[PDB]
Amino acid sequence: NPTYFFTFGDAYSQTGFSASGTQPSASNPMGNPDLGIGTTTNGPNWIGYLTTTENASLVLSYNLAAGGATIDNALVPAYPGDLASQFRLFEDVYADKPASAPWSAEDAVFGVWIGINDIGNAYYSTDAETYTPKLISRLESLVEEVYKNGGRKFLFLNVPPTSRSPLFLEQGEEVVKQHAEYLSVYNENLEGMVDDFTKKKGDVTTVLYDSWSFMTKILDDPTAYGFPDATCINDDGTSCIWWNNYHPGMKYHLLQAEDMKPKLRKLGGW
């Protein structure tokens, strides 16, 4: 009795899963590519860890996340595979519960980690208080498409402190601050939307995972987590928090998946 874990997001979540590649099964829960390929971590990412390491029962991962994605290119644009396009791929291939993914309300979990790129691209050019409600409203309307398909279990990750990635640190402390302040408003509005959606529907099980606070704890005390500092980069994915200037490594992702596990029990696969 599997949990069907459909995920949507950006490079913090990408694995290179193709809808025409090998599909998930009990012997191969990621489907494609192999566990530990296709990420920005040098190994598994949080989804691979949640599916194969932190799972309490069989989890099948259908990971539609794409590098560089924003929520909708009609708002903050970047790459063709925005969140809207990932929801369209879901609608095209899995929404109708095909034999390859015969999911139901009781066994499907929809995970969304989006906003890093919307904020990264719009923090200095838009007003957070008036603009981030538009981003969040568009996220909500995409979630509503899955709800209309019969989805009832949802996992939302807030935006982590990319303000303190080496990429942003190099732009100066006032840019880190401008970005961080915008990000905080986005995360507040995300929480409000998740709360409002949960209450309005009444029949959904939702988890808002505060990645921001978790990563912030590690950035503030890196050596307590086995990292020598909060700024070094190492593409082995484990010597430093950062695998490259803007993406954390597999060690961070494992620590996050481990932190997530207890909070995901109510979703069925953990």
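Start at 1 and count along the sequence shown; that's the residue number.
A.B. asks: Do the CA atoms of 28 to 36 or those of 223 to 231 have the higher mean B-factor in the entry?
C.D. replies: Result of the comparison: 223 to 231.
A.B. asks: Test of understanding: from the entry's C-alpha B-factors, which stretch has the higher mean, 233 to 241 or 43 to 51?
C.D. replies: The recorded data point to 233 to 241.
A.B. asks: For the CA B factor values reported in this entry, which option in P161, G111, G115, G172 has the top one?
C.D. replies: Answer for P161, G111, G115, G172: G172, with the highest C-alpha B-factor.
A.B. asks: Maximum C-alpha temperature factor per the entry, among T198, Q86, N187, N73, belongs to which one?
C.D. replies: Of the options given, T198 has the highest CA B-factor in the PDB entry.
A.B. asks: Just say lowest, middle or highest third for the CA B-factor of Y94 relative to the other modelled residues in its chain.
C.D. replies: Within its chain, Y94 is a middle-third residue by C-alpha B-factor, going by the deposited values.
A.B. asks: Looking at the C-alpha B-factor of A122, is it in the lowest, middle or highest third of its chain?
C.D. replies: Highest third, going by the recorded CA B-factors of the chain.
A.B. asks: Once the chain's modelled residues are ordered by C-alpha B factor and cut into thirds, is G249 in the lowest, middle or highest one?
C.D. replies: Its C-alpha B-factor belongs to the middle third of this chain's values.
A.B. asks: Splitting the chain's C-alpha B-factors into thirds, which one does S57 fall into?
C.D. replies: For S57, whose C-alpha B-factor we compare with every modelled residue in the chain, the answer is the highest third.
A.B. asks: For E106, return the chain-relative third of its C-alpha B-factor as stated in the PDB record: lowest, middle or highest.
C.D. replies: Highest third, going by the recorded CA B-factors of the chain.
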